[PDB]
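Presented below is the structure to which this report refers.
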Amino acid sequence: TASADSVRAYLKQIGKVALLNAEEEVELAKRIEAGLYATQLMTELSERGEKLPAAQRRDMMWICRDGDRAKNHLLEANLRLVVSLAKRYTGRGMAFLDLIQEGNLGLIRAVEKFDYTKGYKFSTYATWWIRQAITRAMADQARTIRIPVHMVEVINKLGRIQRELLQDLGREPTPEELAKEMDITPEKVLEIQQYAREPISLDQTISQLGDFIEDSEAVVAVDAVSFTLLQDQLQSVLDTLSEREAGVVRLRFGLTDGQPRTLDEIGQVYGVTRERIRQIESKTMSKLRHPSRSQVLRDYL
Amino acid sequence: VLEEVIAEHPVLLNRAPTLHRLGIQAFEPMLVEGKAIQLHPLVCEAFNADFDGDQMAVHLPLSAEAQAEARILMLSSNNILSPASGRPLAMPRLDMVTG
Amino acid sequence: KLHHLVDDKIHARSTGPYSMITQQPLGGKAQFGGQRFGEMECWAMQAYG
DNA sequence: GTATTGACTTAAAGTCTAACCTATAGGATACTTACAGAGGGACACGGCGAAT
RNA sequence: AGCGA
DNA sequence: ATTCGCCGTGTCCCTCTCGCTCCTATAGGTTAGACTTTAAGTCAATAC
Ligand SMILES: [Mg+2]
């Protein structure tokens, strides 16, 4: 047998309960609405309300539990509608079961927000609610990257237009062609193509691509020691100059803590004015541009 | 300057498939004109290497311990006999035997 | 003259590109890569000690 | 050389408005069961027969 | 996927 | 019919190395974009 198919097991499961008709649906809807109002009234009467008479409390609690019963009965009734609807979409989505469950969520929404006084079979409203929920969940859970609904819709419209034009014309149209067809810009079309891209799988057969994936962002393995020696040389050169000049440069360019101190802060910490320090900075940088202080640093670019 | 760095610094010569222990041996490198590794003819037996176009891999020990290991244990002149039967594999063969 | 010319074979690496998921050196002369010091070579080294 | 004041331009924020993405809800005729479309050694789950 | 030892 | 001893069949992990070349409607968040302010950097002259 090898009965490990949850699909067939679930179908066999949902085949147990019988399908219903319009008057039965009206009865169930009335029962659920009455049960909900009963629970609401009992909560209201439990808080600063009234000591519910034993018999009244009893039969209204019965009404509540029976409303829940009817809700569940209806959901069991229309599971088959869910599967029948879900069949069309499968082929471009996830596990069938996921779509079925989204359909069930749409059903509980529909049975929550159904009205019987309009005198209609429940099937249509159920259908629309189901489809809305399925499409929403499919979109939210389609790709490893998330693409919100309106952009999903324009992507689908672009795809349908391109496919029908391929069927009719026979050639793949152009970005300007799709821009004029969809009343949008060619750059927008290009962006929709770009965001339409789906990730490739690191796992493949060729071997796996993961083998040949150079780590362009990684240890350079030479610039590390290069920067170490660089810093050593800068400390040396700064020691060659005056200590005040060296400290001023270190604070100006953040060589001591990584925090770049500016003219007002350095003038404050040296007890002088920012123009004084600007003169200091200009003279020191002019001193540094003199090649004897720069022959040992020129090669570091 | 390359000569000076090279002097007294052994390298390892792997040949796949490394059937047995002498597939890897440590040699003192010396610089040679051209682009082909010049291998001493008398380790051909150990490497099972005829010169019909076979290729070898040069590794490079770095730490002092690795250099000592290559120098003392895996040097060519220190691995003459077989590990199997103790017969010499540096034994002259083929053309030298004919001579 | 056969098409197995030295210029198309000689290869070396001191430090070059690296793999992604595993941090091993890459492979192939198209890249730099290094030589796979494989399991039998490991055995040779252990036998030497 | 070292430390100042008074324009004169400049980058870095701060803010106001805004404008443009983005997440969420709903859509009320009827609409009721997925799909399918090597070989070898070894062990464990199970045929065939004598005994009580 | 193709190829050399 | 259960026990114990045989056979028999079905389902599963493992086998050289190295290289090369569908739509609508709301409400809220985000950023963006430009106008305005301010600390900031510069230049010219100067006195000691
Ligand atoms: Mg050969």
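When we count neighbours, we look across all protein chains shown, and the Cβ atoms used for this are built from the backbone with ideal geometry, even at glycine. Laboratory data are not the source of any read-out in this text; all were calculated from the coordinates shown.
Here are the numbers for this structure:
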quantity	calculated
FRET efficiency for B:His20 and A:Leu229, using Cβ-Cβ distance with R0 set to 45 Å, rounded to 0.05	0.50
Cα convex hull volume per residue for region B:38-78 (Å³)	80
In sequence order, calculated HN-Hα J values of region A:65-75 (Karplus, 6.51, -1.76, 1.60; Hz; x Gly/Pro)	4, 5, x, 4, 3, 4, 4, 4, 4, 5, 4
Per-residue mean of C-beta atoms belonging to partner chains within 10 Å, peptide B:50-63	2
Average beta carbon contacts from partner chains per residue of B:6-18, 10 Å cutoff	2
Filtered trypsin sites (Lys or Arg not before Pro), region A:65-124: DSSP coil and at most 12 other beta carbons within 10 Å	A:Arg92, A:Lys113, A:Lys118, A:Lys121
Separation in nanometres of the label points that stand 7 Å from Cα toward Cβ, at A:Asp257 and A:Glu181	6.3
Cα-based reach from C:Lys1 at 15 Å (exclusive), listing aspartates and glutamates while leaving out same-chain residues under 8 positions away	B:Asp52
Under 5 Å, built H, 5+ apart or other chain: amide partners of C:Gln24	C:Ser19
Per-selection metrics, chain C (Cα): Rg and Dmax in Å	14.4, 43
Candidate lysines for bridging to A:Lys157, where Cα separation is under 19 Å - those fewer than 8 sequence places away on the same chain excluded	A:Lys180, A:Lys188
Under 12 Å from the A:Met151 label point (7 Å along Cα→beta-carbon), backbone N, region A:177-204	A:191-197
Low-density loop positions, GluC sites (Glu not before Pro), region B:18-99 - DSSP coil, at most 13 other Cβ in 10 Å	B:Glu33
log₁₀ of I(q)/I(0) at q = 0.10, 0.21, 0.25 Å⁻¹ - chain B, Debye sum with one point per alpha carbon	-0.30, -1.22, -1.49
Amide hydrogen neighbours beyond the local backbone of B:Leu81, cut-off 5 Å, H modeled	B:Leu89
Selection of GluC sites (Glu not before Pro), region A:21-77, meeting DSSP coil and at most 14 other Cβ within 10 Å	A:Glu47, A:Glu50
Bridge type composition, the protein assembly as shown - antiparallel percent by DSSP, nearest 5	90
Cross-link table A:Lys71/A:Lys121; A:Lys71/A:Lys113; A:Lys16/A:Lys87; A:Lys87/A:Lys113, entries beyond 18 Å C-alpha to C-alpha	A:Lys16/A:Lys87; A:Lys87/A:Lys113
Beta bridges by DSSP in region B:1-84, antiparallel share as percent, to the nearest 5	90
Average partner coverage of B:20-29, which counts Cβ from other chains inside 10 Å	3
Backbone N under 18 Å from the B:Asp95 label point (7 Å along Cα→Cβ), restricted to region B:25-50	B:36-50
Cα-only radius of gyration and Dmax that characterise chain A, units Å	36.5, 105
Expected 222 nm ellipticity per residue - DSSP helices of 4 or more, -39500 (n - 2.57), all of the protein assembly as shown, to 500	-16500 deg cm²/dmol
Pairwise label distance in nanometres, A:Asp59 with B:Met56, each label 7 Å out on the Cα-Cβ vector	10.4
Helix C:39-48 axis, angle to chain C major axis (alpha carbon atoms, nearest 10°)	60
